[PDB]
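my_file14.txt follows (compact mmCIF, C-alpha atoms):
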```
# COMPACT_ATOMS: atom_id res chain seq x y z
CA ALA S 40 86.91 55.02 141.25
CA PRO S 41 86.73 54.84 137.44
CA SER S 42 84.27 52.36 135.95
CA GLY S 43 85.36 49.50 133.74
CA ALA S 44 84.30 51.52 130.70
CA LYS S 45 86.50 54.46 131.71
CA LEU S 46 89.37 52.09 132.53
CA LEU S 47 89.42 50.99 128.88
CA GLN S 48 90.90 54.39 128.01
CA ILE S 49 92.75 55.17 131.26
CA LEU S 50 94.66 51.88 131.10
CA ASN S 51 95.21 51.97 127.31
CA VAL S 52 93.34 48.72 126.66
CA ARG S 53 94.07 47.11 123.28
CA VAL S 54 92.45 44.06 121.69
CA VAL S 55 94.29 42.44 118.79
CA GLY S 56 94.17 39.14 116.94
CA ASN S 57 91.68 36.65 115.57
CA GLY S 58 89.24 34.18 117.05
CA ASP S 59 87.22 33.68 120.20
CA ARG S 60 89.92 32.11 122.39
CA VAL S 61 90.87 35.09 124.56
CA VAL S 62 94.27 35.64 126.19
CA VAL S 63 94.97 38.56 128.56
CA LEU S 64 98.60 39.79 128.86
CA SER S 65 99.33 41.65 132.13
CA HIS S 66 102.77 43.24 132.52
CA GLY S 67 104.95 43.48 135.63
CA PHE S 68 106.73 46.12 137.64
CA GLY S 69 108.80 48.67 135.76
CA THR S 70 107.29 48.06 132.31
CA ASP S 71 104.10 48.70 130.39
CA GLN S 72 102.21 46.65 127.83
CA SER S 73 104.93 47.30 125.25
CA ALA S 74 106.96 44.63 127.07
CA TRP S 75 104.74 42.09 125.27
CA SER S 76 105.42 43.54 121.81
CA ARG S 77 108.02 40.90 120.93
CA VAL S 78 105.96 37.79 121.80
CA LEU S 79 102.58 39.25 120.71
CA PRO S 80 102.71 38.15 117.03
CA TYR S 81 103.20 34.56 118.20
CA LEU S 82 99.73 34.69 119.77
CA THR S 83 97.58 36.92 117.55
CA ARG S 84 97.17 34.47 114.68
CA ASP S 85 95.39 31.98 116.96
CA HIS S 86 94.02 34.07 119.85
CA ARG S 87 92.23 37.32 120.58
CA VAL S 88 94.77 39.10 122.81
CA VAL S 89 93.76 41.71 125.41
CA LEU S 90 96.54 44.03 126.58
CA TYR S 91 96.45 46.84 129.12
CA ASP S 92 98.69 48.95 131.36
CA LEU S 93 98.67 48.63 135.11
CA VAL S 94 97.68 51.95 136.63
CA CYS S 95 101.29 52.42 137.84
CA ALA S 96 102.78 52.33 134.31
CA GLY S 97 104.54 55.44 133.01
CA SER S 98 102.14 55.36 130.05
CA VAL S 99 99.17 55.96 132.38
CA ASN S 100 98.52 59.56 133.39
CA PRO S 101 99.77 59.93 136.99
CA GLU S 102 96.47 61.76 137.82
CA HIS S 103 94.66 58.35 137.94
CA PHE S 104 97.09 56.92 140.51
CA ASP S 105 95.04 56.83 143.72
CA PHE S 106 97.62 56.26 146.46
CA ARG S 107 94.80 55.20 148.80
CA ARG S 108 93.02 52.72 146.52
CA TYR S 109 96.17 51.14 145.20
CA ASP S 110 97.98 50.39 148.48
CA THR S 111 96.56 46.85 148.14
CA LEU S 112 96.84 44.53 145.16
CA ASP S 113 93.07 43.93 145.49
CA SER S 114 92.47 47.24 143.69
CA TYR S 115 94.62 46.19 140.72
CA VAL S 116 92.45 43.05 140.61
CA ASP S 117 89.36 45.25 140.61
CA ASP S 118 90.70 47.06 137.53
CA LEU S 119 91.44 43.87 135.60
CA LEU S 120 87.96 42.46 136.26
CA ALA S 121 86.31 45.75 135.38
CA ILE S 122 88.11 45.78 132.03
CA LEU S 123 87.17 42.19 131.23
CA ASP S 124 83.56 42.83 132.24
CA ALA S 125 83.34 46.01 130.13
CA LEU S 126 84.69 44.04 127.16
CA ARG S 127 81.99 41.42 127.85
CA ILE S 128 84.58 38.64 128.01
CA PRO S 129 83.22 35.70 130.07
CA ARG S 130 86.21 33.34 129.77
CA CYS S 131 89.92 33.82 129.14
CA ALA S 132 93.45 32.63 129.73
CA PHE S 133 95.56 35.03 131.77
CA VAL S 134 99.33 35.55 131.44
CA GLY S 135 100.87 37.64 134.22
CA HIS S 136 104.46 38.70 134.92
CA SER S 137 105.81 39.69 138.37
CA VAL S 138 103.14 41.74 140.26
CA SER S 139 100.64 40.60 137.61
CA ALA S 140 101.22 36.98 138.56
CA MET S 141 99.98 37.96 142.02
CA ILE S 142 97.08 39.88 140.47
CA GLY S 143 96.22 36.80 138.40
CA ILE S 144 96.16 34.51 141.45
CA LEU S 145 93.81 36.92 143.25
CA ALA S 146 91.64 37.43 140.19
CA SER S 147 91.21 33.66 139.73
CA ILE S 148 89.85 33.38 143.27
CA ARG S 149 87.51 36.34 142.81
CA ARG S 150 86.11 35.01 139.51
CA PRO S 151 86.80 31.28 139.10
CA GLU S 152 84.68 30.82 135.95
CA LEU S 153 86.37 33.72 134.18
CA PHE S 154 89.94 32.33 134.32
CA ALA S 155 90.24 29.09 132.39
CA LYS S 156 94.02 29.03 132.80
CA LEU S 157 96.78 31.06 134.43
CA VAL S 158 100.32 31.39 133.07
CA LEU S 159 102.60 32.95 135.70
CA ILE S 160 106.01 34.36 134.71
CA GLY S 161 108.53 35.57 137.26
CA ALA S 162 105.98 34.48 139.86
CA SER S 163 106.18 34.58 143.66
CA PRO S 164 103.48 34.44 146.36
CA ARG S 165 105.71 36.32 148.83
CA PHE S 166 109.10 37.95 148.41
CA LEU S 167 110.01 38.05 152.14
CA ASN S 168 111.45 35.03 153.92
CA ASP S 169 109.60 33.19 156.71
CA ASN S 170 111.29 30.34 158.62
CA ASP S 171 110.88 27.31 156.33
CA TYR S 172 110.03 29.70 153.42
CA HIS S 173 112.60 31.20 151.04
CA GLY S 174 111.24 34.34 149.34
CA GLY S 175 114.61 35.94 148.53
CA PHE S 176 114.49 39.03 150.77
CA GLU S 177 114.81 39.77 154.46
CA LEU S 178 113.02 42.84 155.84
CA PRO S 179 116.10 45.11 156.28
CA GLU S 180 116.95 44.69 152.66
CA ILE S 181 113.57 45.47 151.22
CA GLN S 182 113.95 48.55 153.43
CA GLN S 183 117.26 49.23 151.67
CA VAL S 184 115.54 49.15 148.28
CA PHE S 185 112.95 51.64 149.56
CA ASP S 186 115.58 54.06 150.86
CA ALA S 187 117.57 53.83 147.60
CA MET S 188 114.49 54.39 145.42
CA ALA S 189 113.55 57.39 147.56
CA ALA S 190 117.06 58.84 147.84
CA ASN S 191 118.18 58.47 144.22
CA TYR S 192 115.60 56.84 141.95
CA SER S 193 117.63 57.36 138.77
CA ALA S 194 120.73 55.69 140.22
CA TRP S 195 118.61 52.86 141.62
CA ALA S 196 117.06 52.30 138.17
CA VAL S 197 120.34 52.04 136.25
CA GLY S 198 121.62 49.51 138.78
CA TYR S 199 118.46 47.44 138.89
CA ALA S 200 117.81 47.21 135.13
CA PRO S 201 120.78 44.93 134.23
CA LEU S 202 120.14 42.78 137.31
CA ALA S 203 116.50 42.28 136.33
CA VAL S 204 117.31 41.47 132.69
CA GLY S 205 120.00 39.10 133.97
CA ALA S 206 121.28 37.89 130.62
CA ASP S 207 123.65 39.99 128.51
CA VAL S 208 121.04 41.55 126.22
CA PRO S 209 121.79 45.30 126.00
CA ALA S 210 118.66 46.20 124.03
CA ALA S 211 116.55 44.59 126.76
CA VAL S 212 118.45 46.52 129.44
CA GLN S 213 117.90 49.81 127.64
CA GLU S 214 114.22 49.09 126.96
CA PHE S 215 113.54 48.13 130.59
CA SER S 216 115.41 51.16 131.94
CA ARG S 217 113.34 53.33 129.59
CA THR S 218 110.03 52.14 131.05
CA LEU S 219 111.50 52.18 134.59
CA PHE S 220 112.45 55.84 134.01
CA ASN S 221 109.03 56.67 132.52
CA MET S 222 107.46 55.83 135.88
CA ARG S 223 107.14 58.65 138.38
CA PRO S 224 109.54 57.82 141.25
CA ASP S 225 106.97 58.11 144.05
CA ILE S 226 104.51 55.86 142.22
CA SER S 227 107.28 53.36 141.49
CA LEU S 228 108.21 53.30 145.20
CA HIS S 229 104.55 53.01 146.23
CA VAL S 230 103.93 49.93 144.06
CA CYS S 231 107.10 48.27 145.29
CA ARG S 232 105.94 48.78 148.88
CA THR S 233 102.56 47.24 148.01
CA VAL S 234 104.13 44.20 146.38
CA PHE S 235 106.48 43.59 149.34
CA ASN S 236 103.51 43.82 151.73
CA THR S 237 101.62 41.11 149.79
CA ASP S 238 101.63 37.51 151.05
CA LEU S 239 99.49 35.13 148.97
CA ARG S 240 100.65 31.83 150.52
CA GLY S 241 97.44 31.43 152.57
CA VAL S 242 95.14 31.70 149.51
CA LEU S 243 97.00 29.59 146.93
CA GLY S 244 94.80 26.61 147.80
CA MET S 245 91.74 28.66 146.80
CA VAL S 246 92.93 28.94 143.18
CA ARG S 247 91.06 26.43 141.04
CA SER S 248 92.23 27.39 137.54
CA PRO S 249 94.90 25.20 135.93
CA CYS S 250 98.25 27.00 136.06
CA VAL S 251 101.54 26.93 134.24
CA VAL S 252 104.47 28.42 136.17
CA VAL S 253 107.25 29.64 133.86
CA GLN S 254 110.70 29.42 135.47
CA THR S 255 113.93 30.79 134.02
CA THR S 256 117.35 29.52 135.06
CA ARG S 257 117.94 32.55 137.31
CA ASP S 258 115.68 35.40 138.51
CA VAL S 259 116.93 38.26 140.70
CA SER S 260 113.58 38.52 142.54
CA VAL S 261 112.46 34.85 142.44
CA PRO S 262 114.48 31.99 143.91
CA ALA S 263 114.49 28.70 142.02
CA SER S 264 112.64 26.99 144.92
CA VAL S 265 109.57 29.24 144.61
CA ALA S 266 108.16 27.44 141.55
CA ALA S 267 108.09 24.16 143.48
CA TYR S 268 106.26 25.88 146.36
CA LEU S 269 103.64 27.25 143.95
CA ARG S 270 103.16 23.84 142.36
CA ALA S 271 102.72 22.26 145.80
CA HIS S 272 100.15 24.77 147.07
CA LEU S 273 98.09 26.07 144.13
CA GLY S 274 94.61 24.55 144.35
CA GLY S 275 94.37 23.66 140.67
CA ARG S 276 96.35 21.43 138.38
CA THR S 277 99.80 23.04 138.07
CA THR S 278 102.83 22.45 135.84
CA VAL S 279 106.25 24.12 135.86
CA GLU S 280 107.77 25.04 132.50
CA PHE S 281 111.52 25.72 132.21
CA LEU S 282 112.91 28.44 129.97
CA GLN S 283 116.59 27.73 129.37
CA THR S 284 117.39 31.44 129.56
CA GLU S 285 118.56 33.76 132.32
CA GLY S 286 116.61 36.61 133.83
CA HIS S 287 113.37 38.09 135.11
CA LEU S 288 112.15 39.51 131.77
CA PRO S 289 112.19 36.71 129.15
CA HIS S 290 109.56 38.53 127.11
CA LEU S 291 112.22 41.21 126.59
CA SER S 292 115.37 39.10 126.46
CA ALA S 293 114.25 35.75 124.94
CA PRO S 294 110.97 36.25 123.08
CA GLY S 295 111.24 33.27 120.75
CA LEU S 296 111.88 30.78 123.56
CA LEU S 297 109.13 32.33 125.69
CA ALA S 298 106.63 32.18 122.82
CA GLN S 299 107.27 28.43 122.47
CA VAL S 300 106.21 27.92 126.10
CA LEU S 301 103.19 30.23 125.81
CA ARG S 302 101.86 28.48 122.71
CA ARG S 303 102.14 25.15 124.53
CA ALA S 304 100.42 26.50 127.65
CA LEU S 305 97.61 28.14 125.64
CA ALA S 306 96.95 25.21 123.28
CA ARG S 307 93.95 23.77 125.17
CA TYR S 308 91.93 25.54 127.87
```
Starting from the coordinates I provided, produce the structure as structure tokens.
Amino acid sequence: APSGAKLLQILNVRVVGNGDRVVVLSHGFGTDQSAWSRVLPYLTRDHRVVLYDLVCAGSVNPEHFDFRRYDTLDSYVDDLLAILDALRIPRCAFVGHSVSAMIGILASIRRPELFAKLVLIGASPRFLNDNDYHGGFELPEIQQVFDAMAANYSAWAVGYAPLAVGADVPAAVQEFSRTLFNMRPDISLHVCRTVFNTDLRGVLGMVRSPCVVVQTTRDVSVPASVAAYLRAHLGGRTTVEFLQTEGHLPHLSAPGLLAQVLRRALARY
């Protein structure tokens, strides 16, 4: 597996901004680090911002996608820590969307002194239901996503993109579809399978970093009740912030409102 040093190029690592307060921005499924481009200038005057692409992003050469290594989220965590260690960053705030919120939770447990604060957007510890637990999906319907992605990825993408964006923002729909279509279909399916096989409920109590959970009014993959569950079970001091906007991708569809929350969350850590 590639070293942290090699990952700096493979994952298109970028470091921008001023100061010694470090913020890492980690994008979610179906995008790449360009998803942060609209909120980024709200952070770079006050923070040193580290950006990178998950190995599944369309902007990463498909040759580096190890279908063995990456069938667990633990390997995505390995990559994040390797990048931060290569950059010689001992302490940071971490902002993760979607799968990266799960990666952030796992990274905080692996390296408690490295993560001074987590900000989780579109966050869920488990997407499948379980008795007294509402995740949003039953097993036969995650299986329906899989069959649709495999049978007709392009048609699945055009249907999913407006649902994910949620609000009526056509430039966000087109920009998300573009990065969804840049992904190779088999890699896209593989990451989705990995995310739906992840269940972090049993380790939330092991997180000790303070956390801010960012909740929008409506999220196709995250039920409103999930944020309360995270606040109840995360092992650190946790606050829920409410974006009065609709959708799963507020960094695409409502950058100004999102930036207000991020600046508040990242003021002291």
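Ranking S:138, S:157, S:116, S:121 by their shortest atom-to-atom distance to residue 273 of chain S, with all atoms listed in the file included, puts S:157 first.
Candidate residues S:95, S:291, S:61, S:200 were compared for distance to residue 216 of chain S, and the nearest is S:200, using only C-alpha atoms.
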Residues of segment 92-142 of chain S that have any atom at most 12 Å from an atom of segment 217-230 of chain S: could you tabulate them with the shortest-distance atom pair and the distance in Å to one decimal, using all atoms listed in the file, ordered by chain and increasing number, as CSV?
```
residue,atom,partner,partner_atom,distance
S:92,CA,S:218,CA,11.8
S:93,CA,S:230,CA,10.5
S:94,CA,S:226,CA,9.7
S:95,CA,S:226,CA,6.4
S:96,CA,S:222,CA,6.1
S:97,CA,S:222,CA,4.1
S:98,CA,S:221,CA,7.4
S:99,CA,S:222,CA,9.0
S:100,CA,S:223,CA,10.0
S:101,CA,S:223,CA,7.6
S:102,CA,S:226,CA,10.9
S:103,CA,S:226,CA,11.0
S:104,CA,S:226,CA,7.7
S:105,CA,S:226,CA,9.6
S:106,CA,S:229,CA,7.7
S:107,CA,S:229,CA,10.3
S:108,CA,S:230,CA,11.5
S:109,CA,S:230,CA,7.9
S:110,CA,S:229,CA,7.4
S:111,CA,S:230,CA,9.0
S:112,CA,S:230,CA,9.0
S:114,CA,S:230,CA,11.8
S:115,CA,S:230,CA,10.6
S:137,CA,S:230,CA,11.9
S:138,CA,S:230,CA,9.1
S:139,CA,S:230,CA,11.8
```
Prev. selection, C-alpha atoms, output as a JSON list (two decimals), keeping the file's coordinate frame:
```json
[["chain", "number", "residue", "atom", "x", "y", "z"],
["S", 92, "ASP", "CA", 98.69, 48.95, 131.36],
["S", 93, "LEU", "CA", 98.67, 48.63, 135.11],
["S", 94, "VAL", "CA", 97.68, 51.95, 136.63],
["S", 95, "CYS", "CA", 101.29, 52.42, 137.84],
["S", 96, "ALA", "CA", 102.78, 52.33, 134.31],
["S", 97, "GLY", "CA", 104.54, 55.44, 133.01],
["S", 98, "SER", "CA", 102.14, 55.36, 130.05],
["S", 99, "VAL", "CA", 99.17, 55.96, 132.38],
["S", 100, "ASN", "CA", 98.52, 59.56, 133.39],
["S", 101, "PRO", "CA", 99.77, 59.93, 136.99],
["S", 102, "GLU", "CA", 96.47, 61.76, 137.82],
["S", 103, "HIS", "CA", 94.66, 58.35, 137.94],
["S", 104, "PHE", "CA", 97.09, 56.92, 140.51],
["S", 105, "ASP", "CA", 95.04, 56.83, 143.72],
["S", 106, "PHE", "CA", 97.62, 56.26, 146.46],
["S", 107, "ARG", "CA", 94.80, 55.20, 148.80],
["S", 108, "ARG", "CA", 93.02, 52.72, 146.52],
["S", 109, "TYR", "CA", 96.17, 51.14, 145.20],
["S", 110, "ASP", "CA", 97.98, 50.39, 148.48],
["S", 111, "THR", "CA", 96.56, 46.85, 148.14],
["S", 112, "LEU", "CA", 96.84, 44.53, 145.16],
["S", 114, "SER", "CA", 92.47, 47.24, 143.69],
["S", 115, "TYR", "CA", 94.62, 46.19, 140.72],
["S", 137, "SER", "CA", 105.81, 39.69, 138.37],
["S", 138, "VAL", "CA", 103.14, 41.74, 140.26],
["S", 139, "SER", "CA", 100.64, 40.60, 137.61]]
```
Identify, on the basis of only C-alpha atoms, every residue whose closest approach to residue 288 of chain S does not exceed 10 Å; exclude the query and any residue fewer than 6 positions from it along the same chain; express the result as a ChimeraX atom specification.
/S:67,70,74,136-137,160-161,203-206,211-212,215,255,258,294,297
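Ranking S:272, S:86, S:290, S:173 by their shortest atom-to-atom distance to residue 208 of chain S, with only C-alpha atoms included, puts S:290 first.
Interatomic distance, atom CA of residue 147 of chain S against atom CA of residue 307 of chain S: 17.8 Å.
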In Å, rounded to a single decimal, give me how far atom CA of residue 175 of chain S is from atom CA of residue 262 of chain S.
6.1 Å
Report the distance between atom CA of residue 65 of chain S and atom CA of residue 242 of chain S in Å, rounded to one decimal place.
20.5 Å
Given all atoms listed in the file as the counted atoms, nearest of S:292, S:274, S:256, S:56 to residue 213 of chain S
S:292
Restricting the calculation to only C-alpha atoms, which member of S:132, S:282, S:293, S:162 is positioned closest to residue 267 of chain S?
S:162
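Nearest to residue 174 of chain S of all the residues S:285, S:238, S:280, S:113 is S:238, counting all atoms listed in the file.
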Which polymer residues have any atom within 10 Å of an atom of residue 306 of chain S, counting all atoms listed in the file, with same-chain residues fewer than 5 positions away left out, as a ChimeraX atom specification?
/S:60,85-86,301
Would you kindly return, as a ChimeraX atom specification, each protein, DNA or RNA residue with an atom no farther than 10 Å from any atom of residue 149 of chain S, considering all atoms listed in the file and excluding same-chain residues fewer than 2 positions away?
/S:113,116-117,120,143-147,151-154,245-246
Dump N, CA and C atoms of segment 271-304 of chain S from the given block, as a PDB file, in the first residue's frame.
```pdb
ATOM      1  N   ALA S 271     -26.498  11.679  21.498  1.00  0.00           N
ATOM      2  CA  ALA S 271     -26.659  10.857  22.697  1.00  0.00           C
ATOM      3  C   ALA S 271     -25.498   9.882  22.907  1.00  0.00           C
ATOM      4  N   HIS S 272     -24.836   9.427  21.839  1.00  0.00           N
ATOM      5  CA  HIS S 272     -23.894   8.335  21.994  1.00  0.00           C
ATOM      6  C   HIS S 272     -22.431   8.698  21.749  1.00  0.00           C
ATOM      7  N   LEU S 273     -22.133   9.819  21.102  1.00  0.00           N
ATOM      8  CA  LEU S 273     -20.728  10.182  20.930  1.00  0.00           C
ATOM      9  C   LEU S 273     -20.097  10.471  22.288  1.00  0.00           C
ATOM     10  N   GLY S 274     -18.871   9.970  22.478  1.00  0.00           N
ATOM     11  CA  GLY S 274     -18.220   9.995  23.778  1.00  0.00           C
ATOM     12  C   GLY S 274     -17.663  11.335  24.199  1.00  0.00           C
ATOM     13  N   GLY S 275     -17.644  12.311  23.296  1.00  0.00           N
ATOM     14  CA  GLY S 275     -17.200  13.643  23.611  1.00  0.00           C
ATOM     15  C   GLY S 275     -18.371  14.594  23.754  1.00  0.00           C
ATOM     16  N   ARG S 276     -18.034  15.854  23.920  1.00  0.00           N
ATOM     17  CA  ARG S 276     -19.034  16.900  24.027  1.00  0.00           C
ATOM     18  C   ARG S 276     -19.578  17.238  22.642  1.00  0.00           C
ATOM     19  N   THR S 277     -20.895  17.085  22.436  1.00  0.00           N
ATOM     20  CA  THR S 277     -21.458  17.129  21.092  1.00  0.00           C
ATOM     21  C   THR S 277     -22.597  18.130  21.022  1.00  0.00           C
ATOM     22  N   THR S 278     -22.616  18.919  19.944  1.00  0.00           N
ATOM     23  CA  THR S 278     -23.683  19.882  19.678  1.00  0.00           C
ATOM     24  C   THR S 278     -24.223  19.688  18.268  1.00  0.00           C
ATOM     25  N   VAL S 279     -25.533  19.861  18.097  1.00  0.00           N
ATOM     26  CA  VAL S 279     -26.164  19.779  16.785  1.00  0.00           C
ATOM     27  C   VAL S 279     -26.404  21.190  16.296  1.00  0.00           C
ATOM     28  N   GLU S 280     -25.937  21.476  15.081  1.00  0.00           N
ATOM     29  CA  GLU S 280     -26.183  22.740  14.404  1.00  0.00           C
ATOM     30  C   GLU S 280     -27.177  22.541  13.265  1.00  0.00           C
ATOM     31  N   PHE S 281     -28.127  23.475  13.121  1.00  0.00           N
ATOM     32  CA  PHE S 281     -29.202  23.354  12.139  1.00  0.00           C
ATOM     33  C   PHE S 281     -29.022  24.342  11.000  1.00  0.00           C
ATOM     34  N   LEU S 282     -28.817  23.807   9.806  1.00  0.00           N
ATOM     35  CA  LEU S 282     -28.833  24.583   8.580  1.00  0.00           C
ATOM     36  C   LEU S 282     -30.268  24.630   8.079  1.00  0.00           C
ATOM     37  N   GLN S 283     -30.832  25.833   7.997  1.00  0.00           N
ATOM     38  CA  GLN S 283     -32.173  26.000   7.443  1.00  0.00           C
ATOM     39  C   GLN S 283     -32.062  25.988   5.918  1.00  0.00           C
ATOM     40  N   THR S 284     -31.735  24.804   5.405  1.00  0.00           N
ATOM     41  CA  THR S 284     -31.673  24.548   3.976  1.00  0.00           C
ATOM     42  C   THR S 284     -31.970  23.072   3.766  1.00  0.00           C
ATOM     43  N   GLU S 285     -32.367  22.718   2.549  1.00  0.00           N
ATOM     44  CA  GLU S 285     -32.749  21.345   2.263  1.00  0.00           C
ATOM     45  C   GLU S 285     -31.637  20.654   1.492  1.00  0.00           C
ATOM     46  N   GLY S 286     -31.306  19.434   1.898  1.00  0.00           N
ATOM     47  CA  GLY S 286     -30.492  18.569   1.062  1.00  0.00           C
ATOM     48  C   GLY S 286     -29.340  17.913   1.808  1.00  0.00           C
ATOM     49  N   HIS S 287     -28.618  17.091   1.047  1.00  0.00           N
ATOM     50  CA  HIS S 287     -27.486  16.315   1.534  1.00  0.00           C
ATOM     51  C   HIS S 287     -26.158  17.010   1.273  1.00  0.00           C
ATOM     52  N   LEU S 288     -26.147  18.013   0.395  1.00  0.00           N
ATOM     53  CA  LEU S 288     -24.913  18.623  -0.103  1.00  0.00           C
ATOM     54  C   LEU S 288     -24.946  20.138   0.091  1.00  0.00           C
ATOM     55  N   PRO S 289     -25.080  20.614   1.333  1.00  0.00           N
ATOM     56  CA  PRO S 289     -25.121  22.079   1.546  1.00  0.00           C
ATOM     57  C   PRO S 289     -23.860  22.807   1.116  1.00  0.00           C
ATOM     58  N   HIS S 290     -22.716  22.125   1.013  1.00  0.00           N
ATOM     59  CA  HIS S 290     -21.536  22.821   0.521  1.00  0.00           C
ATOM     60  C   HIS S 290     -21.644  23.116  -0.967  1.00  0.00           C
ATOM     61  N   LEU S 291     -22.519  22.397  -1.670  1.00  0.00           N
ATOM     62  CA  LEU S 291     -22.825  22.706  -3.058  1.00  0.00           C
ATOM     63  C   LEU S 291     -23.999  23.670  -3.184  1.00  0.00           C
ATOM     64  N   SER S 292     -25.053  23.453  -2.394  1.00  0.00           N
ATOM     65  CA  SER S 292     -26.316  24.143  -2.621  1.00  0.00           C
ATOM     66  C   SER S 292     -26.536  25.364  -1.731  1.00  0.00           C
ATOM     67  N   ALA S 293     -25.824  25.484  -0.607  1.00  0.00           N
ATOM     68  CA  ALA S 293     -26.013  26.613   0.306  1.00  0.00           C
ATOM     69  C   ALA S 293     -24.693  26.998   0.966  1.00  0.00           C
ATOM     70  N   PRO S 294     -23.695  27.395   0.174  1.00  0.00           N
ATOM     71  CA  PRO S 294     -22.353  27.582   0.745  1.00  0.00           C
ATOM     72  C   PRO S 294     -22.292  28.686   1.781  1.00  0.00           C
ATOM     73  N   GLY S 295     -22.983  29.804   1.563  1.00  0.00           N
ATOM     74  CA  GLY S 295     -22.916  30.880   2.541  1.00  0.00           C
ATOM     75  C   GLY S 295     -23.456  30.485   3.904  1.00  0.00           C
ATOM     76  N   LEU S 296     -24.610  29.813   3.930  1.00  0.00           N
ATOM     77  CA  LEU S 296     -25.187  29.375   5.194  1.00  0.00           C
ATOM     78  C   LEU S 296     -24.306  28.324   5.866  1.00  0.00           C
ATOM     79  N   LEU S 297     -23.760  27.389   5.082  1.00  0.00           N
ATOM     80  CA  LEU S 297     -22.847  26.393   5.642  1.00  0.00           C
ATOM     81  C   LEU S 297     -21.613  27.051   6.241  1.00  0.00           C
ATOM     82  N   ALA S 298     -21.006  27.990   5.506  1.00  0.00           N
ATOM     83  CA  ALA S 298     -19.815  28.657   6.022  1.00  0.00           C
ATOM     84  C   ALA S 298     -20.081  29.323   7.377  1.00  0.00           C
ATOM     85  N   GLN S 299     -21.270  29.905   7.570  1.00  0.00           N
ATOM     86  CA  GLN S 299     -21.557  30.500   8.871  1.00  0.00           C
ATOM     87  C   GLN S 299     -21.424  29.467   9.987  1.00  0.00           C
ATOM     88  N   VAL S 300     -21.950  28.266   9.764  1.00  0.00           N
ATOM     89  CA  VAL S 300     -21.881  27.224  10.785  1.00  0.00           C
ATOM     90  C   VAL S 300     -20.441  26.763  10.991  1.00  0.00           C
ATOM     91  N   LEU S 301     -19.696  26.587   9.898  1.00  0.00           N
ATOM     92  CA  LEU S 301     -18.317  26.119  10.005  1.00  0.00           C
ATOM     93  C   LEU S 301     -17.460  27.109  10.781  1.00  0.00           C
ATOM     94  N   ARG S 302     -17.603  28.403  10.489  1.00  0.00           N
ATOM     95  CA  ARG S 302     -16.797  29.393  11.200  1.00  0.00           C
ATOM     96  C   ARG S 302     -17.109  29.376  12.693  1.00  0.00           C
ATOM     97  N   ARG S 303     -18.378  29.157  13.054  1.00  0.00           N
ATOM     98  CA  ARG S 303     -18.740  29.040  14.465  1.00  0.00           C
ATOM     99  C   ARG S 303     -18.115  27.794  15.083  1.00  0.00           C
ATOM    100  N   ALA S 304     -18.219  26.658  14.388  1.00  0.00           N
ATOM    101  CA  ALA S 304     -17.682  25.404  14.916  1.00  0.00           C
ATOM    102  C   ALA S 304     -16.162  25.459  15.070  1.00  0.00           C
TER     103      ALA S 304
END
```
